[PDB]
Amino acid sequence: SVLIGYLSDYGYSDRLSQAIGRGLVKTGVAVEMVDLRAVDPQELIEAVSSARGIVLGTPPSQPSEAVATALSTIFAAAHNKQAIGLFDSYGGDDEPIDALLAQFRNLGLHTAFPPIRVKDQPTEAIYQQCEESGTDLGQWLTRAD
């Protein structure tokens, strides 16, 4: 399955993450959504290790205690047999896509789709790209089985 993690009400995370999620479920992949601001670390761990793919919205530079712990827990559990889909949440002071991408590739992950770079208010175009990215990731998984 694919785990989609993001911050509730941070930038356009809910909306971009939902658009990617919509693309993903249409292909028949089971999507597991998690709110980094409040999810339980213990389950997050199991959720990540069994995930065939991980989709993460960019988290702000100075993340809080819960989300830094959540973030660290994903990195700690992510491994080399899975894909990473990154999308810019367009929040306030958030971590650059490139930085996260480096971390994941070093753990041995490949990209689930091209990073979704949003540098302005997400338009319908951007949401279509999120949906298409979810669809593509889904079909890539539906075929690798």
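All residue numbers are counted from 1 along the displayed sequence.
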Worksheet, complete the sentence: Assert higher mean C-alpha B factor (55-63 or 108-116, deposited values) equals 55-63
Discussion item. Comparing average C-alpha B factors as deposited, tell me which of 117-125 and 16-24 sits higher.
Written reply: 117-125
Worksheet item: Which is it among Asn80, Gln103, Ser89, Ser49: the one with the largest CA B-factor in the entry?
Response: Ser49
Worksheet entry | Deposited CA B-factor, highest of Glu32, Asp40, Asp98, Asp35 | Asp40
Item to complete: Determine, from the deposited record, the chain-internal third of the Cα B-factor for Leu3: lowest, middle or highest.
Response: lowest
